[PDB]
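> Structure: query.cif, mmCIF, N, CA and C atoms.
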data_work
#
loop_
_atom_site.label_atom_id
_atom_site.label_comp_id
_atom_site.auth_asym_id
_atom_site.auth_seq_id
_atom_site.Cartn_x
_atom_site.Cartn_y
_atom_site.Cartn_z
N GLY F 1 3.63 -8.67 -5.84
CA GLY F 1 4.12 -9.17 -7.12
C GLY F 1 4.09 -8.03 -8.16
N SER F 2 3.88 -8.40 -9.42
CA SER F 2 4.18 -7.54 -10.54
C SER F 2 3.23 -6.35 -10.62
N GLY F 3 1.97 -6.53 -10.23
CA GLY F 3 1.04 -5.40 -10.15
C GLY F 3 1.50 -4.38 -9.15
N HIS F 4 1.82 -4.84 -7.96
CA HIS F 4 2.35 -3.96 -6.92
C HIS F 4 3.63 -3.22 -7.42
N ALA F 5 4.53 -3.97 -8.03
CA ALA F 5 5.81 -3.47 -8.54
C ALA F 5 5.53 -2.38 -9.57
N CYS F 6 4.68 -2.70 -10.55
CA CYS F 6 4.16 -1.70 -11.47
C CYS F 6 3.71 -0.43 -10.76
N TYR F 7 2.83 -0.59 -9.80
CA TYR F 7 2.20 0.54 -9.16
C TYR F 7 3.22 1.45 -8.43
N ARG F 8 4.19 0.85 -7.72
CA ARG F 8 5.21 1.64 -7.01
C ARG F 8 6.09 2.46 -7.96
N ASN F 9 6.49 1.87 -9.07
CA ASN F 9 7.22 2.59 -10.09
C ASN F 9 6.40 3.67 -10.72
N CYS F 10 5.15 3.37 -10.98
CA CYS F 10 4.25 4.37 -11.55
C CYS F 10 4.08 5.59 -10.63
N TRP F 11 3.81 5.33 -9.36
CA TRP F 11 3.74 6.40 -8.37
C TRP F 11 5.08 7.11 -8.24
N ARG F 12 6.15 6.34 -8.15
CA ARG F 12 7.51 6.86 -7.90
C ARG F 12 7.93 7.84 -8.97
N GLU F 13 7.56 7.55 -10.20
CA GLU F 13 7.84 8.44 -11.30
C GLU F 13 6.99 9.72 -11.34
N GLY F 14 5.98 9.84 -10.49
CA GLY F 14 5.25 11.09 -10.47
C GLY F 14 3.82 11.04 -10.88
N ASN F 15 3.35 9.87 -11.35
CA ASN F 15 1.95 9.70 -11.76
C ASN F 15 0.97 9.58 -10.57
N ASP F 16 -0.27 10.01 -10.78
CA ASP F 16 -1.26 9.97 -9.69
C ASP F 16 -1.90 8.61 -9.57
N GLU F 17 -2.63 8.45 -8.48
CA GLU F 17 -3.17 7.18 -8.09
C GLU F 17 -4.17 6.61 -9.10
N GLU F 18 -5.05 7.48 -9.61
CA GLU F 18 -5.99 7.08 -10.62
C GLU F 18 -5.28 6.58 -11.91
N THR F 19 -4.25 7.27 -12.36
CA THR F 19 -3.37 6.77 -13.48
C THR F 19 -2.72 5.43 -13.18
N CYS F 20 -2.11 5.28 -12.02
CA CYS F 20 -1.37 4.09 -11.75
C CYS F 20 -2.26 2.87 -11.47
N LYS F 21 -3.42 3.10 -10.86
CA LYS F 21 -4.47 2.04 -10.74
C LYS F 21 -5.01 1.54 -12.07
N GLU F 22 -5.16 2.44 -13.03
CA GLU F 22 -5.52 2.03 -14.39
C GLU F 22 -4.40 1.29 -15.12
N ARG F 23 -3.15 1.78 -14.96
CA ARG F 23 -2.02 1.20 -15.66
C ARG F 23 -1.78 -0.25 -15.23
N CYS F 24 -1.88 -0.49 -13.92
CA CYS F 24 -1.21 -1.61 -13.27
C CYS F 24 -2.15 -2.72 -12.89
#
Output the file's structure as structure tokens, nothing else.

Amino acid sequence: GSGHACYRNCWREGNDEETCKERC
């Protein structure tokens, strides 16, 4: 769902895992 969706876009755009785990 939306957390996962968030996370894939966040990673896809170039952000690291620690950033995208915090964002999403």
> List every residue of chain F that DSSP, applied to the backbone of this structure, assigns to helix (DSSP H, G or I), and report them as a VMD selection string.
chain F and resid 2 to 12 17 to 23
> Put those residues in a file: N, CA and C atoms, as a PDB file, keeping the file's coordinate frame.

ATOM      1  N   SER F   2       3.880  -8.400  -9.420  1.00  0.00           N
ATOM      2  CA  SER F   2       4.180  -7.540 -10.540  1.00  0.00           C
ATOM      3  C   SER F   2       3.230  -6.350 -10.620  1.00  0.00           C
ATOM      4  N   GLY F   3       1.970  -6.530 -10.230  1.00  0.00           N
ATOM      5  CA  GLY F   3       1.040  -5.400 -10.150  1.00  0.00           C
ATOM      6  C   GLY F   3       1.500  -4.380  -9.150  1.00  0.00           C
ATOM      7  N   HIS F   4       1.820  -4.840  -7.960  1.00  0.00           N
ATOM      8  CA  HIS F   4       2.350  -3.960  -6.920  1.00  0.00           C
ATOM      9  C   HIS F   4       3.630  -3.220  -7.420  1.00  0.00           C
ATOM     10  N   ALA F   5       4.530  -3.970  -8.030  1.00  0.00           N
ATOM     11  CA  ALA F   5       5.810  -3.470  -8.540  1.00  0.00           C
ATOM     12  C   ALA F   5       5.530  -2.380  -9.570  1.00  0.00           C
ATOM     13  N   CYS F   6       4.680  -2.700 -10.550  1.00  0.00           N
ATOM     14  CA  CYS F   6       4.160  -1.700 -11.470  1.00  0.00           C
ATOM     15  C   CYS F   6       3.710  -0.430 -10.760  1.00  0.00           C
ATOM     16  N   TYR F   7       2.830  -0.590  -9.800  1.00  0.00           N
ATOM     17  CA  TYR F   7       2.200   0.540  -9.160  1.00  0.00           C
ATOM     18  C   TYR F   7       3.220   1.450  -8.430  1.00  0.00           C
ATOM     19  N   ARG F   8       4.190   0.850  -7.720  1.00  0.00           N
ATOM     20  CA  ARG F   8       5.210   1.640  -7.010  1.00  0.00           C
ATOM     21  C   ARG F   8       6.090   2.460  -7.960  1.00  0.00           C
ATOM     22  N   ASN F   9       6.490   1.870  -9.070  1.00  0.00           N
ATOM     23  CA  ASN F   9       7.220   2.590 -10.090  1.00  0.00           C
ATOM     24  C   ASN F   9       6.400   3.670 -10.720  1.00  0.00           C
ATOM     25  N   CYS F  10       5.150   3.370 -10.980  1.00  0.00           N
ATOM     26  CA  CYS F  10       4.250   4.370 -11.550  1.00  0.00           C
ATOM     27  C   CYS F  10       4.080   5.590 -10.630  1.00  0.00           C
ATOM     28  N   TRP F  11       3.810   5.330  -9.360  1.00  0.00           N
ATOM     29  CA  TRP F  11       3.740   6.400  -8.370  1.00  0.00           C
ATOM     30  C   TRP F  11       5.080   7.110  -8.240  1.00  0.00           C
ATOM     31  N   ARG F  12       6.150   6.340  -8.150  1.00  0.00           N
ATOM     32  CA  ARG F  12       7.510   6.860  -7.900  1.00  0.00           C
ATOM     33  C   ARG F  12       7.930   7.840  -8.970  1.00  0.00           C
ATOM     34  N   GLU F  17      -2.630   8.450  -8.480  1.00  0.00           N
ATOM     35  CA  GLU F  17      -3.170   7.180  -8.090  1.00  0.00           C
ATOM     36  C   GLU F  17      -4.170   6.610  -9.100  1.00  0.00           C
ATOM     37  N   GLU F  18      -5.050   7.480  -9.610  1.00  0.00           N
ATOM     38  CA  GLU F  18      -5.990   7.080 -10.620  1.00  0.00           C
ATOM     39  C   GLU F  18      -5.280   6.580 -11.910  1.00  0.00           C
ATOM     40  N   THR F  19      -4.250   7.270 -12.360  1.00  0.00           N
ATOM     41  CA  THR F  19      -3.370   6.770 -13.480  1.00  0.00           C
ATOM     42  C   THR F  19      -2.720   5.430 -13.180  1.00  0.00           C
ATOM     43  N   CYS F  20      -2.110   5.280 -12.020  1.00  0.00           N
ATOM     44  CA  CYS F  20      -1.370   4.090 -11.750  1.00  0.00           C
ATOM     45  C   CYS F  20      -2.260   2.870 -11.470  1.00  0.00           C
ATOM     46  N   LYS F  21      -3.420   3.100 -10.860  1.00  0.00           N
ATOM     47  CA  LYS F  21      -4.470   2.040 -10.740  1.00  0.00           C
ATOM     48  C   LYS F  21      -5.010   1.540 -12.070  1.00  0.00           C
ATOM     49  N   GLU F  22      -5.160   2.440 -13.030  1.00  0.00           N
ATOM     50  CA  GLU F  22      -5.520   2.030 -14.390  1.00  0.00           C
ATOM     51  C   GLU F  22      -4.400   1.290 -15.120  1.00  0.00           C
ATOM     52  N   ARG F  23      -3.150   1.780 -14.960  1.00  0.00           N
ATOM     53  CA  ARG F  23      -2.020   1.200 -15.660  1.00  0.00           C
ATOM     54  C   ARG F  23      -1.780  -0.250 -15.230  1.00  0.00           C
TER      55      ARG F  23
END
> If you apply the PyMOL selection byres (((chain F and resi 19-24 and name CA) around 7) and name CA) to this file, what residues do you get, as a list in words?
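Applying the expression gives residues 3, 6, 7, 10, 11, 15, 16, 17 and 18 of chain F.
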> What are the centre and edge lengths in Å, to one decimal, of the axis-aligned box around all listed atoms of region 4-13 of chain F with 5 Å added on each side, as lines of an AutoDock Vina configuration file?

center_x = 4.9
center_y = 2.4
center_z = -9.2
size_x = 16.1
size_y = 24.6
size_z = 14.6
> Work out how far atom N of residue 14 (chain F) is from CA of residue 1 (chain F), in Å to one decimal.
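The value is 19.4 Å.
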> Could you add whatever atoms are missing so that region 5-21 of chain F carries N, CA, C and O atoms, then write the result as a PDB file, in the coordinates of the input?

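The file below, selection-v4.pdb, is the result:
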ATOM      1  N   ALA F   5       4.530  -3.970  -8.030  1.00  0.00           N
ATOM      2  CA  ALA F   5       5.810  -3.470  -8.540  1.00  0.00           C
ATOM      3  C   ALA F   5       5.530  -2.380  -9.570  1.00  0.00           C
ATOM      4  O   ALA F   5       6.133  -1.319  -9.510  1.00  0.00           O
ATOM      5  N   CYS F   6       4.680  -2.700 -10.550  1.00  0.00           N
ATOM      6  CA  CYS F   6       4.160  -1.700 -11.470  1.00  0.00           C
ATOM      7  C   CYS F   6       3.710  -0.430 -10.760  1.00  0.00           C
ATOM      8  O   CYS F   6       4.099   0.679 -11.131  1.00  0.00           O
ATOM      9  N   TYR F   7       2.830  -0.590  -9.800  1.00  0.00           N
ATOM     10  CA  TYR F   7       2.200   0.540  -9.160  1.00  0.00           C
ATOM     11  C   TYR F   7       3.220   1.450  -8.430  1.00  0.00           C
ATOM     12  O   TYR F   7       3.167   2.648  -8.547  1.00  0.00           O
ATOM     13  N   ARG F   8       4.190   0.850  -7.720  1.00  0.00           N
ATOM     14  CA  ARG F   8       5.210   1.640  -7.010  1.00  0.00           C
ATOM     15  C   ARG F   8       6.090   2.460  -7.960  1.00  0.00           C
ATOM     16  O   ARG F   8       6.411   3.595  -7.701  1.00  0.00           O
ATOM     17  N   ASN F   9       6.490   1.870  -9.070  1.00  0.00           N
ATOM     18  CA  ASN F   9       7.220   2.590 -10.090  1.00  0.00           C
ATOM     19  C   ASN F   9       6.400   3.670 -10.720  1.00  0.00           C
ATOM     20  O   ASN F   9       6.931   4.741 -11.036  1.00  0.00           O
ATOM     21  N   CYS F  10       5.150   3.370 -10.980  1.00  0.00           N
ATOM     22  CA  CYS F  10       4.250   4.370 -11.550  1.00  0.00           C
ATOM     23  C   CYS F  10       4.080   5.590 -10.630  1.00  0.00           C
ATOM     24  O   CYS F  10       4.104   6.753 -11.078  1.00  0.00           O
ATOM     25  N   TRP F  11       3.810   5.330  -9.360  1.00  0.00           N
ATOM     26  CA  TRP F  11       3.740   6.400  -8.370  1.00  0.00           C
ATOM     27  C   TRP F  11       5.080   7.110  -8.240  1.00  0.00           C
ATOM     28  O   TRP F  11       5.138   8.349  -8.165  1.00  0.00           O
ATOM     29  N   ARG F  12       6.150   6.340  -8.150  1.00  0.00           N
ATOM     30  CA  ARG F  12       7.510   6.860  -7.900  1.00  0.00           C
ATOM     31  C   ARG F  12       7.930   7.840  -8.970  1.00  0.00           C
ATOM     32  O   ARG F  12       8.590   8.861  -8.679  1.00  0.00           O
ATOM     33  N   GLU F  13       7.560   7.550 -10.200  1.00  0.00           N
ATOM     34  CA  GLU F  13       7.840   8.440 -11.300  1.00  0.00           C
ATOM     35  C   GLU F  13       6.990   9.720 -11.340  1.00  0.00           C
ATOM     36  O   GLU F  13       7.208  10.597 -12.203  1.00  0.00           O
ATOM     37  N   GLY F  14       5.980   9.840 -10.490  1.00  0.00           N
ATOM     38  CA  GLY F  14       5.250  11.090 -10.470  1.00  0.00           C
ATOM     39  C   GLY F  14       3.820  11.040 -10.880  1.00  0.00           C
ATOM     40  O   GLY F  14       3.130  12.058 -10.781  1.00  0.00           O
ATOM     41  N   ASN F  15       3.350   9.870 -11.350  1.00  0.00           N
ATOM     42  CA  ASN F  15       1.950   9.700 -11.760  1.00  0.00           C
ATOM     43  C   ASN F  15       0.970   9.580 -10.570  1.00  0.00           C
ATOM     44  O   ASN F  15       1.329   9.116  -9.477  1.00  0.00           O
ATOM     45  N   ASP F  16      -0.270  10.010 -10.780  1.00  0.00           N
ATOM     46  CA  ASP F  16      -1.260   9.970  -9.690  1.00  0.00           C
ATOM     47  C   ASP F  16      -1.900   8.610  -9.570  1.00  0.00           C
ATOM     48  O   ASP F  16      -1.633   7.697 -10.342  1.00  0.00           O
ATOM     49  N   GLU F  17      -2.630   8.450  -8.480  1.00  0.00           N
ATOM     50  CA  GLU F  17      -3.170   7.180  -8.090  1.00  0.00           C
ATOM     51  C   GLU F  17      -4.170   6.610  -9.100  1.00  0.00           C
ATOM     52  O   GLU F  17      -4.149   5.418  -9.426  1.00  0.00           O
ATOM     53  N   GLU F  18      -5.050   7.480  -9.610  1.00  0.00           N
ATOM     54  CA  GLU F  18      -5.990   7.080 -10.620  1.00  0.00           C
ATOM     55  C   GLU F  18      -5.280   6.580 -11.910  1.00  0.00           C
ATOM     56  O   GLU F  18      -5.689   5.553 -12.475  1.00  0.00           O
ATOM     57  N   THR F  19      -4.250   7.270 -12.360  1.00  0.00           N
ATOM     58  CA  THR F  19      -3.370   6.770 -13.480  1.00  0.00           C
ATOM     59  C   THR F  19      -2.720   5.430 -13.180  1.00  0.00           C
ATOM     60  O   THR F  19      -2.744   4.548 -13.994  1.00  0.00           O
ATOM     61  N   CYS F  20      -2.110   5.280 -12.020  1.00  0.00           N
ATOM     62  CA  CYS F  20      -1.370   4.090 -11.750  1.00  0.00           C
ATOM     63  C   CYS F  20      -2.260   2.870 -11.470  1.00  0.00           C
ATOM     64  O   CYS F  20      -1.899   1.746 -11.833  1.00  0.00           O
ATOM     65  N   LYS F  21      -3.420   3.100 -10.860  1.00  0.00           N
ATOM     66  CA  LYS F  21      -4.470   2.040 -10.740  1.00  0.00           C
ATOM     67  C   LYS F  21      -5.010   1.540 -12.070  1.00  0.00           C
ATOM     68  O   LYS F  21      -5.300   0.358 -12.213  1.00  0.00           O
TER      69      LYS F  21
END
